[PDB]
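One chain is shown next in structure tokens, namely the form deposited in one PDB entry.
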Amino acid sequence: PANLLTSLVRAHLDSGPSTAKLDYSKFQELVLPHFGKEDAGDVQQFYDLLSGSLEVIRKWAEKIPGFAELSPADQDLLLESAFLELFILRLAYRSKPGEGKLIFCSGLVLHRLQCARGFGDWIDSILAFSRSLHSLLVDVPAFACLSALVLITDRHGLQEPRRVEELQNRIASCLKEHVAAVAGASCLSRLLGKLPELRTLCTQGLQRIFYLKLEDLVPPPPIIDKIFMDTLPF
């Protein structure tokens, strides 16, 4: 109802946890961190969260109709160029900033205070954007389309940019249809107005990765490290 939308909705919901399988076994409502620094366990968790998020986004992308038939170089470049944005967007959409809870794609819940040592300030900024995003009340099928459009977009280096644009057209039409059926323009213009906040969060993430890499407590995962190096204009 109709078919593309059902498949985007199903790809989205399968790429994250239900309330049922939310994982509280590391959660603590209060920890007392030494702010402004970090040990190897904090940095390794930060990295494992990034990697595990990319594994899950890759499986989600694989379920967007048309995506797995793009060239493998093209699927790679789309995912790599969109990963930080999608990580931040999906994280903000699923978290609970009214309770200081970051809820990650595996179901793991961690308090803001438990993220502070690995993520630095970035996690605080991500919760602010959670509130910012939640204030728009973006429904699931809308979010399912929008996140996919974050991924399926022009990027410098695509082998088949027109195939990618064609798929962007199909997803945009699918979204317009849904916003019509539901309305029965403005949320989206409202939404587009938060894109500068999102772009700042992406930069804040690259900055956090630079700092950790400088620090070098543990080495970064290969693919995260490629993504970071590839995003650098120099």
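Note that the rigid core is defined as the largest set of C-alphas that superpose within 1.5 Å between two forms. Residue indices: 1-based, along the sequence shown. Shifts are known only where both forms have a C-alpha.
One more form of this protein should be noted, the form deposited in another entry, which is absent from this view; the next part is about it.
Relative to the superposed core, residue 59 undergoes a C-alpha shift smaller than 2 Å between this form and the one not shown.
Relative to the superposed core, residue 195 undergoes a C-alpha shift of no less than 2 Å between this form and the one not shown. The protein segment that moves between this form and the one not shown, counted as a run of at least three consecutive residues with every Cα displaced by 2 Å or more relative to the fitted core, is 191-200 alone.
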